[PDB]
file input05.pdb (PDB, N, CA and C atoms)
ATOM      1  N   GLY C  26     -50.935 -28.761 -15.610
ATOM      2  CA  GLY C  26     -50.513 -29.734 -16.665
ATOM      3  C   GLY C  26     -51.527 -30.849 -16.864
ATOM      4  N   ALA C  27     -52.608 -30.792 -16.095
ATOM      5  CA  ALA C  27     -53.667 -31.798 -16.171
ATOM      6  C   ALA C  27     -54.637 -31.505 -17.320
ATOM      7  N   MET C  28     -54.193 -31.775 -18.543
ATOM      8  CA  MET C  28     -55.016 -31.543 -19.728
ATOM      9  C   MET C  28     -55.852 -32.776 -20.076
ATOM     10  N   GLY C  29     -57.083 -32.542 -20.522
ATOM     11  CA  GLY C  29     -57.966 -33.637 -20.886
ATOM     12  C   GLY C  29     -57.785 -34.095 -22.323
ATOM     13  N   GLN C  30     -58.407 -35.216 -22.664
ATOM     14  CA  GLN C  30     -58.314 -35.771 -24.010
ATOM     15  C   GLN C  30     -59.685 -35.838 -24.679
ATOM     16  N   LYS C  31     -59.770 -35.301 -25.888
ATOM     17  CA  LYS C  31     -61.018 -35.304 -26.640
ATOM     18  C   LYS C  31     -61.129 -36.569 -27.487
ATOM     19  N   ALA C  32     -62.258 -37.254 -27.376
ATOM     20  CA  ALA C  32     -62.488 -38.478 -28.134
ATOM     21  C   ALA C  32     -62.752 -38.174 -29.608
ATOM     22  N   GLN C  33     -62.444 -39.131 -30.476
ATOM     23  CA  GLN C  33     -62.646 -38.945 -31.908
ATOM     24  C   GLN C  33     -64.106 -39.186 -32.299
ATOM     25  N   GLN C  34     -64.636 -38.298 -33.131
ATOM     26  CA  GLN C  34     -66.020 -38.407 -33.588
ATOM     27  C   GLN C  34     -66.089 -39.149 -34.922
ATOM     28  N   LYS C  35     -66.669 -40.342 -34.898
ATOM     29  CA  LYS C  35     -66.799 -41.159 -36.103
ATOM     30  C   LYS C  35     -68.149 -40.925 -36.794
ATOM     31  N   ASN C  36     -68.613 -41.925 -37.542
ATOM     32  CA  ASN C  36     -69.878 -41.819 -38.270
ATOM     33  C   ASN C  36     -71.091 -42.110 -37.376
ATOM     34  N   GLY C  37     -71.448 -41.145 -36.527
ATOM     35  CA  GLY C  37     -72.603 -41.310 -35.653
ATOM     36  C   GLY C  37     -72.257 -41.777 -34.246
ATOM     37  N   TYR C  38     -70.986 -42.083 -34.005
ATOM     38  CA  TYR C  38     -70.542 -42.545 -32.688
ATOM     39  C   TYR C  38     -69.142 -42.018 -32.366
ATOM     40  N   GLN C  39     -68.756 -42.077 -31.096
ATOM     41  CA  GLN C  39     -67.435 -41.600 -30.680
ATOM     42  C   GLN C  39     -66.570 -42.742 -30.153
ATOM     43  N   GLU C  40     -65.256 -42.565 -30.238
ATOM     44  CA  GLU C  40     -64.313 -43.583 -29.778
ATOM     45  C   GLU C  40     -63.052 -42.951 -29.177
ATOM     46  N   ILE C  41     -62.544 -43.554 -28.109
ATOM     47  CA  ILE C  41     -61.330 -43.062 -27.453
ATOM     48  C   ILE C  41     -60.477 -44.226 -26.941
ATOM     49  N   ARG C  42     -59.195 -44.219 -27.297
ATOM     50  CA  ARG C  42     -58.279 -45.267 -26.865
ATOM     51  C   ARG C  42     -57.590 -44.891 -25.554
ATOM     52  N   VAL C  43     -57.958 -45.590 -24.491
ATOM     53  CA  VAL C  43     -57.395 -45.350 -23.169
ATOM     54  C   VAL C  43     -56.281 -46.353 -22.871
ATOM     55  N   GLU C  44     -55.040 -45.886 -22.975
ATOM     56  CA  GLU C  44     -53.874 -46.731 -22.721
ATOM     57  C   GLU C  44     -53.748 -47.048 -21.230
ATOM     58  N   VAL C  45     -53.913 -48.323 -20.897
ATOM     59  CA  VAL C  45     -53.845 -48.783 -19.515
ATOM     60  C   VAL C  45     -52.455 -49.330 -19.174
ATOM     61  N   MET C  46     -51.640 -48.486 -18.552
ATOM     62  CA  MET C  46     -50.287 -48.871 -18.148
ATOM     63  C   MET C  46     -49.916 -48.210 -16.820
ATOM     64  N   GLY C  47     -50.275 -48.868 -15.719
ATOM     65  CA  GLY C  47     -50.004 -48.318 -14.399
ATOM     66  C   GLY C  47     -51.065 -47.308 -13.989
ATOM     67  N   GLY C  48     -52.022 -47.101 -14.886
ATOM     68  CA  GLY C  48     -53.106 -46.169 -14.656
ATOM     69  C   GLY C  48     -53.788 -45.792 -15.957
ATOM     70  N   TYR C  49     -54.664 -44.800 -15.906
ATOM     71  CA  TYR C  49     -55.374 -44.347 -17.100
ATOM     72  C   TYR C  49     -54.619 -43.193 -17.757
ATOM     73  N   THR C  50     -54.281 -43.347 -19.040
ATOM     74  CA  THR C  50     -53.548 -42.306 -19.765
ATOM     75  C   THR C  50     -54.370 -41.009 -19.871
ATOM     76  N   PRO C  51     -55.536 -41.009 -20.562
ATOM     77  CA  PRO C  51     -56.371 -39.811 -20.643
ATOM     78  C   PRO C  51     -57.115 -39.570 -19.328
ATOM     79  N   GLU C  52     -56.549 -38.705 -18.485
ATOM     80  CA  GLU C  52     -57.138 -38.382 -17.178
ATOM     81  C   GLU C  52     -58.617 -38.001 -17.290
ATOM     82  N   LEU C  53     -58.946 -37.186 -18.290
ATOM     83  CA  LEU C  53     -60.323 -36.762 -18.508
ATOM     84  C   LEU C  53     -60.708 -36.919 -19.978
ATOM     85  N   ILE C  54     -61.709 -37.751 -20.245
ATOM     86  CA  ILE C  54     -62.170 -37.979 -21.615
ATOM     87  C   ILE C  54     -63.397 -37.122 -21.929
ATOM     88  N   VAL C  55     -63.324 -36.364 -23.015
ATOM     89  CA  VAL C  55     -64.430 -35.495 -23.413
ATOM     90  C   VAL C  55     -65.267 -36.126 -24.529
ATOM     91  N   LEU C  56     -66.578 -36.197 -24.303
ATOM     92  CA  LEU C  56     -67.507 -36.782 -25.273
ATOM     93  C   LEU C  56     -68.775 -35.930 -25.412
ATOM     94  N   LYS C  57     -69.567 -36.206 -26.447
ATOM     95  CA  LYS C  57     -70.813 -35.473 -26.676
ATOM     96  C   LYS C  57     -71.987 -36.150 -25.957
ATOM     97  N   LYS C  58     -73.168 -35.541 -26.036
ATOM     98  CA  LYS C  58     -74.353 -36.092 -25.377
ATOM     99  C   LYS C  58     -75.341 -36.690 -26.383
ATOM    100  N   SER C  59     -76.074 -37.718 -25.935
ATOM    101  CA  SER C  59     -77.078 -38.413 -26.755
ATOM    102  C   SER C  59     -76.436 -39.149 -27.934
ATOM    103  N   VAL C  60     -75.138 -39.400 -27.831
ATOM    104  CA  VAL C  60     -74.401 -40.088 -28.884
ATOM    105  C   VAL C  60     -73.696 -41.339 -28.339
ATOM    106  N   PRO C  61     -73.761 -42.468 -29.072
ATOM    107  CA  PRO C  61     -73.097 -43.707 -28.659
ATOM    108  C   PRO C  61     -71.577 -43.550 -28.629
ATOM    109  N   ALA C  62     -70.976 -43.804 -27.476
ATOM    110  CA  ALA C  62     -69.530 -43.671 -27.332
ATOM    111  C   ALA C  62     -68.893 -44.960 -26.820
ATOM    112  N   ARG C  63     -67.749 -45.319 -27.392
ATOM    113  CA  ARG C  63     -67.047 -46.527 -26.983
ATOM    114  C   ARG C  63     -65.638 -46.216 -26.473
ATOM    115  N   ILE C  64     -65.347 -46.709 -25.279
ATOM    116  CA  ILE C  64     -64.042 -46.503 -24.654
ATOM    117  C   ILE C  64     -63.161 -47.741 -24.826
ATOM    118  N   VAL C  65     -62.075 -47.600 -25.581
ATOM    119  CA  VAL C  65     -61.163 -48.718 -25.832
ATOM    120  C   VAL C  65     -60.051 -48.780 -24.785
ATOM    121  N   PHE C  66     -60.128 -49.760 -23.894
ATOM    122  CA  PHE C  66     -59.123 -49.922 -22.846
ATOM    123  C   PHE C  66     -58.040 -50.917 -23.264
ATOM    124  N   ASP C  67     -56.884 -50.394 -23.658
ATOM    125  CA  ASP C  67     -55.763 -51.230 -24.080
ATOM    126  C   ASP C  67     -54.859 -51.552 -22.889
ATOM    127  N   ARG C  68     -54.915 -52.794 -22.418
ATOM    128  CA  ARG C  68     -54.106 -53.215 -21.276
ATOM    129  C   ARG C  68     -52.650 -53.468 -21.670
ATOM    130  N   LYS C  69     -51.785 -52.534 -21.290
ATOM    131  CA  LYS C  69     -50.358 -52.632 -21.575
ATOM    132  C   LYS C  69     -49.609 -53.184 -20.355
ATOM    133  N   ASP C  70     -50.087 -52.828 -19.167
ATOM    134  CA  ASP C  70     -49.477 -53.289 -17.922
ATOM    135  C   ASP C  70     -50.395 -54.283 -17.199
ATOM    136  N   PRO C  71     -49.835 -55.410 -16.713
ATOM    137  CA  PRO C  71     -50.600 -56.446 -16.004
ATOM    138  C   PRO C  71     -50.841 -56.109 -14.529
ATOM    139  N   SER C  72     -51.132 -54.841 -14.257
ATOM    140  CA  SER C  72     -51.382 -54.378 -12.894
ATOM    141  C   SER C  72     -52.692 -54.950 -12.341
ATOM    142  N   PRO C  73     -52.680 -55.433 -11.081
ATOM    143  CA  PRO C  73     -53.873 -56.010 -10.436
ATOM    144  C   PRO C  73     -54.994 -54.988 -10.242
ATOM    145  N   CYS C  74     -54.615 -53.733 -10.006
ATOM    146  CA  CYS C  74     -55.584 -52.654  -9.811
ATOM    147  C   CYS C  74     -56.184 -52.196 -11.141
ATOM    148  N   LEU C  75     -55.719 -52.793 -12.234
ATOM    149  CA  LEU C  75     -56.204 -52.453 -13.568
ATOM    150  C   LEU C  75     -56.840 -53.667 -14.254
ATOM    151  N   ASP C  76     -57.107 -54.714 -13.473
ATOM    152  CA  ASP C  76     -57.707 -55.944 -13.998
ATOM    153  C   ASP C  76     -59.180 -55.749 -14.383
ATOM    154  N   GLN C  77     -59.895 -54.941 -13.607
ATOM    155  CA  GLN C  77     -61.311 -54.689 -13.870
ATOM    156  C   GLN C  77     -61.616 -53.191 -13.906
ATOM    157  N   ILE C  78     -62.652 -52.823 -14.653
ATOM    158  CA  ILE C  78     -63.063 -51.427 -14.762
ATOM    159  C   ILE C  78     -64.576 -51.292 -14.575
ATOM    160  N   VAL C  79     -64.981 -50.400 -13.681
ATOM    161  CA  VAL C  79     -66.397 -50.183 -13.422
ATOM    162  C   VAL C  79     -66.748 -48.696 -13.465
ATOM    163  N   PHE C  80     -67.797 -48.380 -14.214
ATOM    164  CA  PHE C  80     -68.277 -47.011 -14.348
ATOM    165  C   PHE C  80     -69.373 -46.744 -13.311
ATOM    166  N   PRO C  81     -69.044 -46.044 -12.208
ATOM    167  CA  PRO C  81     -70.009 -45.755 -11.135
ATOM    168  C   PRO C  81     -71.127 -44.799 -11.557
ATOM    169  N   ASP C  82     -70.943 -44.129 -12.690
ATOM    170  CA  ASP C  82     -71.943 -43.190 -13.189
ATOM    171  C   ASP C  82     -72.798 -43.807 -14.305
ATOM    172  N   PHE C  83     -72.426 -45.006 -14.761
ATOM    173  CA  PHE C  83     -73.170 -45.680 -15.828
ATOM    174  C   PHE C  83     -73.671 -47.063 -15.395
ATOM    175  N   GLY C  84     -73.020 -47.648 -14.392
ATOM    176  CA  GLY C  84     -73.409 -48.969 -13.916
ATOM    177  C   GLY C  84     -72.823 -50.079 -14.771
ATOM    178  N   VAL C  85     -71.701 -49.781 -15.417
ATOM    179  CA  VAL C  85     -71.031 -50.736 -16.294
ATOM    180  C   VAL C  85     -69.754 -51.292 -15.657
ATOM    181  N   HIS C  86     -69.729 -52.603 -15.433
ATOM    182  CA  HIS C  86     -68.561 -53.267 -14.841
ATOM    183  C   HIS C  86     -68.029 -54.354 -15.783
ATOM    184  N   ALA C  87     -66.786 -54.202 -16.231
ATOM    185  CA  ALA C  87     -66.186 -55.169 -17.149
ATOM    186  C   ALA C  87     -64.731 -55.480 -16.794
ATOM    187  N   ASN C  88     -64.223 -56.587 -17.329
ATOM    188  CA  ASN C  88     -62.846 -57.006 -17.086
ATOM    189  C   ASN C  88     -61.971 -56.717 -18.306
ATOM    190  N   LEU C  89     -60.698 -56.421 -18.071
ATOM    191  CA  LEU C  89     -59.779 -56.120 -19.166
ATOM    192  C   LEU C  89     -58.788 -57.263 -19.403
ATOM    193  N   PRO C  90     -58.640 -57.692 -20.670
ATOM    194  CA  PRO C  90     -57.714 -58.765 -21.039
ATOM    195  C   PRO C  90     -56.276 -58.263 -21.209
ATOM    196  N   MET C  91     -55.338 -58.920 -20.531
ATOM    197  CA  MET C  91     -53.928 -58.533 -20.600
ATOM    198  C   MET C  91     -53.344 -58.767 -21.997
ATOM    199  N   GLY C  92     -52.768 -57.713 -22.571
ATOM    200  CA  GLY C  92     -52.177 -57.808 -23.897
ATOM    201  C   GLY C  92     -53.171 -57.517 -25.009
ATOM    202  N   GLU C  93     -54.406 -57.196 -24.631
ATOM    203  CA  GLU C  93     -55.461 -56.904 -25.598
ATOM    204  C   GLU C  93     -56.233 -55.645 -25.196
ATOM    205  N   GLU C  94     -57.183 -55.243 -26.031
ATOM    206  CA  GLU C  94     -57.984 -54.055 -25.749
ATOM    207  C   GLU C  94     -59.467 -54.398 -25.602
ATOM    208  N   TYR C  95     -60.083 -53.863 -24.555
ATOM    209  CA  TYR C  95     -61.500 -54.088 -24.288
ATOM    210  C   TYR C  95     -62.282 -52.792 -24.476
ATOM    211  N   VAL C  96     -63.282 -52.820 -25.347
ATOM    212  CA  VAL C  96     -64.079 -51.628 -25.611
ATOM    213  C   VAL C  96     -65.390 -51.616 -24.813
ATOM    214  N   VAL C  97     -65.693 -50.460 -24.230
ATOM    215  CA  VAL C  97     -66.918 -50.278 -23.457
ATOM    216  C   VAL C  97     -67.851 -49.305 -24.176
ATOM    217  N   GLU C  98     -68.950 -49.829 -24.703
ATOM    218  CA  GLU C  98     -69.920 -49.006 -25.426
ATOM    219  C   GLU C  98     -71.016 -48.492 -24.491
ATOM    220  N   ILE C  99     -71.090 -47.173 -24.347
ATOM    221  CA  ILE C  99     -72.090 -46.545 -23.484
ATOM    222  C   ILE C  99     -72.805 -45.402 -24.206
ATOM    223  N   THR C 100     -73.919 -44.951 -23.641
ATOM    224  CA  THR C 100     -74.689 -43.863 -24.237
ATOM    225  C   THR C 100     -74.966 -42.754 -23.223
ATOM    226  N   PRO C 101     -74.130 -41.699 -23.223
ATOM    227  CA  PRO C 101     -74.285 -40.559 -22.307
ATOM    228  C   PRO C 101     -75.479 -39.673 -22.673
ATOM    229  N   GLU C 102     -76.596 -39.867 -21.984
ATOM    230  CA  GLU C 102     -77.805 -39.085 -22.252
ATOM    231  C   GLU C 102     -77.923 -37.878 -21.314
ATOM    232  N   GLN C 103     -76.877 -37.627 -20.536
ATOM    233  CA  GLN C 103     -76.869 -36.505 -19.602
ATOM    234  C   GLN C 103     -75.524 -35.782 -19.629
ATOM    235  N   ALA C 104     -75.569 -34.461 -19.749
ATOM    236  CA  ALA C 104     -74.353 -33.653 -19.790
ATOM    237  C   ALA C 104     -73.865 -33.318 -18.383
ATOM    238  N   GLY C 105     -72.613 -33.659 -18.102
ATOM    239  CA  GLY C 105     -72.047 -33.392 -16.794
ATOM    240  C   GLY C 105     -70.684 -34.029 -16.600
ATOM    241  N   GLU C 106     -70.232 -34.064 -15.352
ATOM    242  CA  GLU C 106     -68.940 -34.653 -15.017
ATOM    243  C   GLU C 106     -69.112 -36.086 -14.517
ATOM    244  N   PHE C 107     -68.584 -37.030 -15.279
ATOM    245  CA  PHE C 107     -68.672 -38.445 -14.936
ATOM    246  C   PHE C 107     -67.292 -38.981 -14.545
ATOM    247  N   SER C 108     -67.225 -40.233 -14.103
ATOM    248  CA  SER C 108     -65.950 -40.812 -13.681
ATOM    249  C   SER C 108     -65.923 -42.334 -13.831
ATOM    250  N   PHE C 109     -64.715 -42.889 -13.785
ATOM    251  CA  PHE C 109     -64.508 -44.335 -13.886
ATOM    252  C   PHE C 109     -63.246 -44.751 -13.120
ATOM    253  N   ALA C 110     -63.331 -45.860 -12.390
ATOM    254  CA  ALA C 110     -62.197 -46.350 -11.603
ATOM    255  C   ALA C 110     -62.370 -47.817 -11.214
ATOM    256  N   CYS C 111     -61.375 -48.362 -10.519
ATOM    257  CA  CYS C 111     -61.423 -49.751 -10.073
ATOM    258  C   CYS C 111     -61.450 -49.833  -8.548
ATOM    259  N   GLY C 112     -62.423 -50.568  -8.015
ATOM    260  CA  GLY C 112     -62.544 -50.715  -6.573
ATOM    261  C   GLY C 112     -63.375 -49.613  -5.936
ATOM    262  N   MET C 113     -62.737 -48.804  -5.095
ATOM    263  CA  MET C 113     -63.424 -47.705  -4.418
ATOM    264  C   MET C 113     -62.559 -46.441  -4.404
ATOM    265  N   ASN C 114     -61.755 -46.279  -3.354
ATOM    266  CA  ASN C 114     -60.879 -45.115  -3.227
ATOM    267  C   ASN C 114     -59.519 -45.366  -3.887
ATOM    268  N   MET C 115     -59.541 -45.661  -5.183
ATOM    269  CA  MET C 115     -58.315 -45.929  -5.931
ATOM    270  C   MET C 115     -58.458 -45.505  -7.393
ATOM    271  N   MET C 116     -57.320 -45.423  -8.092
ATOM    272  CA  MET C 116     -57.277 -45.034  -9.510
ATOM    273  C   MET C 116     -57.710 -43.578  -9.723
ATOM    274  N   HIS C 117     -57.750 -43.153 -10.987
ATOM    275  CA  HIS C 117     -58.150 -41.784 -11.329
ATOM    276  C   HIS C 117     -58.605 -41.681 -12.786
ATOM    277  N   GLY C 118     -59.915 -41.577 -12.984
ATOM    278  CA  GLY C 118     -60.465 -41.464 -14.326
ATOM    279  C   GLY C 118     -61.702 -40.582 -14.365
ATOM    280  N   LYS C 119     -61.664 -39.529 -15.173
ATOM    281  CA  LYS C 119     -62.790 -38.603 -15.276
ATOM    282  C   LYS C 119     -63.323 -38.511 -16.707
ATOM    283  N   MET C 120     -64.616 -38.226 -16.827
ATOM    284  CA  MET C 120     -65.261 -38.095 -18.130
ATOM    285  C   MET C 120     -66.157 -36.856 -18.171
ATOM    286  N   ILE C 121     -66.093 -36.103 -19.260
ATOM    287  CA  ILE C 121     -66.914 -34.902 -19.397
ATOM    288  C   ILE C 121     -67.819 -34.999 -20.625
ATOM    289  N   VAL C 122     -69.126 -34.973 -20.391
ATOM    290  CA  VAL C 122     -70.101 -35.064 -21.473
ATOM    291  C   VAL C 122     -70.700 -33.693 -21.795
ATOM    292  N   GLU C 123     -70.539 -33.261 -23.042
ATOM    293  CA  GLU C 123     -71.061 -31.965 -23.479
ATOM    294  C   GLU C 123     -72.531 -32.069 -23.903
TER     295      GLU C 123
END

call {"tool": "encode", "arguments": {"input": "input05.pdb", "output": "C-alpha cells"}}
result
Amino acid sequence: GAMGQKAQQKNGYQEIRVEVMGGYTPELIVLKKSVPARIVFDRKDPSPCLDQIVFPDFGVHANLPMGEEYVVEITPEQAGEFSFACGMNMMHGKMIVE
C-alpha cells in the first residue's frame, strides 16, 4: 500500500505539495532530472519533529512556519533515490529522480 506521489510538471519546473500533519503525506516524491523542482511543505500540525526540514542528499536545511506553507526549490542533477527527514533516525521521506 506504500504508493508514491508524482509531482506536477509546470512550465519548465516541477512542484509538489507535501502535507505536513504528524508526518510527510507523500512517502515518495517522483521528479525529473536536470529540472528545477520546488517542494511545498504545508504545516498543518504543530509537531516539534516537523518544525525543521533538512535534505541530507541536497544539503538544504530550512524551517517550516506553522499554519503556512514553505517551498524548497532544488535542482536534481542526478538520477537516483534521494531522501528528506528531520534530525537523524526519525521521520520518513523519500524522493525518486528520473

call {"tool": "closest_atom_pairs", "arguments": {"input": "input05.pdb", "of": "segment 31-90 of chain C", "to": "segment 105-115 of chain C", "cutoff": "6.5 Å", "atoms": "all atoms listed in the file", "output": "Markdown table"}}
result
| residue | atom | partner | partner_atom | distance |
| --- | --- | --- | --- | --- |
| C:74 | C | C:111 | CA | 5.9 |
| C:77 | C | C:111 | CA | 5.2 |
| C:78 | CA | C:110 | C | 5.1 |
| C:79 | N | C:110 | C | 4.4 |
| C:80 | CA | C:109 | CA | 4.6 |
| C:81 | N | C:108 | C | 5.1 |
| C:82 | N | C:108 | C | 5.5 |

call {"tool": "resolve_selection", "arguments": {"input": "input05.pdb", "expression": "the PyMOL selection byres (((chain C and resi 34 and name CA) around 12) and name CA)", "output": "PyMOL selection string"}}
result
chain C and resi 31-33+35-41+55-58+60-63

call {"tool": "closest_residue", "arguments": {"input": "input05.pdb", "among": "C:99, C:87, C:54, C:27", "to": "residue 118 of chain C", "atoms": "all atoms listed in the file"}}
result
C:54

call {"tool": "closest_residue", "arguments": {"input": "input05.pdb", "among": "C:120, C:91, C:28, C:104", "to": "residue 67 of chain C", "atoms": "all atoms listed in the file"}}
result
C:91

call {"tool": "atom_distance", "arguments": {"input": "input05.pdb", "atom1": "atom C of residue 83 of chain C", "atom2": "atom N of residue 102 of chain C"}}
result
10.2 Å

call {"tool": "resolve_selection", "arguments": {"input": "input05.pdb", "expression": "the PyMOL selection byres (((chain C and resi 71 and name CA) around 10) and name CA)", "output": "list in words"}}
result
residues 45, 46, 47, 68, 69, 70, 72, 73, 74, 75, 76, 89, 90, 91 and 92 of chain C

call {"tool": "write_last_selection", "arguments": {"input": "input05.pdb", "atoms": "N, CA and C atoms", "output": "PDB file, in the coordinates of the input"}}
result
ATOM      1  N   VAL C  45     -53.913 -48.323 -20.897  1.00  0.00           N
ATOM      2  CA  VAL C  45     -53.845 -48.783 -19.515  1.00  0.00           C
ATOM      3  C   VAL C  45     -52.455 -49.330 -19.174  1.00  0.00           C
ATOM      4  N   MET C  46     -51.640 -48.486 -18.552  1.00  0.00           N
ATOM      5  CA  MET C  46     -50.287 -48.871 -18.148  1.00  0.00           C
ATOM      6  C   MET C  46     -49.916 -48.210 -16.820  1.00  0.00           C
ATOM      7  N   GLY C  47     -50.275 -48.868 -15.719  1.00  0.00           N
ATOM      8  CA  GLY C  47     -50.004 -48.318 -14.399  1.00  0.00           C
ATOM      9  C   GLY C  47     -51.065 -47.308 -13.989  1.00  0.00           C
ATOM     10  N   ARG C  68     -54.915 -52.794 -22.418  1.00  0.00           N
ATOM     11  CA  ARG C  68     -54.106 -53.215 -21.276  1.00  0.00           C
ATOM     12  C   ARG C  68     -52.650 -53.468 -21.670  1.00  0.00           C
ATOM     13  N   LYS C  69     -51.785 -52.534 -21.290  1.00  0.00           N
ATOM     14  CA  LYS C  69     -50.358 -52.632 -21.575  1.00  0.00           C
ATOM     15  C   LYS C  69     -49.609 -53.184 -20.355  1.00  0.00           C
ATOM     16  N   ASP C  70     -50.087 -52.828 -19.167  1.00  0.00           N
ATOM     17  CA  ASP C  70     -49.477 -53.289 -17.922  1.00  0.00           C
ATOM     18  C   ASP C  70     -50.395 -54.283 -17.199  1.00  0.00           C
ATOM     19  N   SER C  72     -51.132 -54.841 -14.257  1.00  0.00           N
ATOM     20  CA  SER C  72     -51.382 -54.378 -12.894  1.00  0.00           C
ATOM     21  C   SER C  72     -52.692 -54.950 -12.341  1.00  0.00           C
ATOM     22  N   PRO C  73     -52.680 -55.433 -11.081  1.00  0.00           N
ATOM     23  CA  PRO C  73     -53.873 -56.010 -10.436  1.00  0.00           C
ATOM     24  C   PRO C  73     -54.994 -54.988 -10.242  1.00  0.00           C
ATOM     25  N   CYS C  74     -54.615 -53.733 -10.006  1.00  0.00           N
ATOM     26  CA  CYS C  74     -55.584 -52.654  -9.811  1.00  0.00           C
ATOM     27  C   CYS C  74     -56.184 -52.196 -11.141  1.00  0.00           C
ATOM     28  N   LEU C  75     -55.719 -52.793 -12.234  1.00  0.00           N
ATOM     29  CA  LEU C  75     -56.204 -52.453 -13.568  1.00  0.00           C
ATOM     30  C   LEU C  75     -56.840 -53.667 -14.254  1.00  0.00           C
ATOM     31  N   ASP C  76     -57.107 -54.714 -13.473  1.00  0.00           N
ATOM     32  CA  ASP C  76     -57.707 -55.944 -13.998  1.00  0.00           C
ATOM     33  C   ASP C  76     -59.180 -55.749 -14.383  1.00  0.00           C
ATOM     34  N   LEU C  89     -60.698 -56.421 -18.071  1.00  0.00           N
ATOM     35  CA  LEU C  89     -59.779 -56.120 -19.166  1.00  0.00           C
ATOM     36  C   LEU C  89     -58.788 -57.263 -19.403  1.00  0.00           C
ATOM     37  N   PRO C  90     -58.640 -57.692 -20.670  1.00  0.00           N
ATOM     38  CA  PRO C  90     -57.714 -58.765 -21.039  1.00  0.00           C
ATOM     39  C   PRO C  90     -56.276 -58.263 -21.209  1.00  0.00           C
ATOM     40  N   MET C  91     -55.338 -58.920 -20.531  1.00  0.00           N
ATOM     41  CA  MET C  91     -53.928 -58.533 -20.600  1.00  0.00           C
ATOM     42  C   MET C  91     -53.344 -58.767 -21.997  1.00  0.00           C
ATOM     43  N   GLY C  92     -52.768 -57.713 -22.571  1.00  0.00           N
ATOM     44  CA  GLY C  92     -52.177 -57.808 -23.897  1.00  0.00           C
ATOM     45  C   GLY C  92     -53.171 -57.517 -25.009  1.00  0.00           C
TER      46      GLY C  92
END

call {"tool": "select_by_dssp", "arguments": {"input": "input05.pdb", "residues": "chain C", "states": "strand (DSSP E)", "output": "PyMOL selection string"}}
result
chain C and resi 30-31+33-34+39-45+53-56+62-68+77-80+85-88+94-99+105-108+119-122

call {"tool": "atom_distance", "arguments": {"input": "input05.pdb", "atom1": "atom N of residue 117 of chain C", "atom2": "atom CA of residue 53 of chain C"}}
result
10.2 Å
